[PDB]
């Protein structure tokens, strides 16, 4: 529940950048369709916000943040199935406690 943004790329691009404001425990969701074997890379401008991926072939979630052990050497994660994924942007639990609004910018690249 909360913001949903269907990720639409345009033209000849393989990435799109989005912005949001989330307060406390609220989260924003970015939906996209992808083919198994494609690689996703997500960057975020605010270290107080996590970026978690949900979808087919993923039992719980994948942490796509920059220091996540789930990324390869190029900062990418390989999507294990074809279908609809969700990237959620939420505050860390330690930050969420403060019930403050944070702005963020997220870049979503699917290759």
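Positions refer to the first chain, counted from 1.
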Quiz item: Taking only the CA atoms, which stretch has the higher mean B-factor in the record, 9-17 or 83-91?
Solution: 9-17
Quiz item: Of 53-61 and 40-48, which one has the bigger average CA B-factor?
Solution: 53-61
Practice problem: Would you mind ranking residue 70 by its C-alpha B-factor against the rest of the chain and naming the third, lowest, middle or highest? | Solution: middle
Self-check item: Third of chain Cα B-factors occupied by residue 105
Solution: lowest
Quiz item: By the record's CA B-factor, is residue 78 among the lowest, middle or highest third of residues in the chain?
Solution: middle
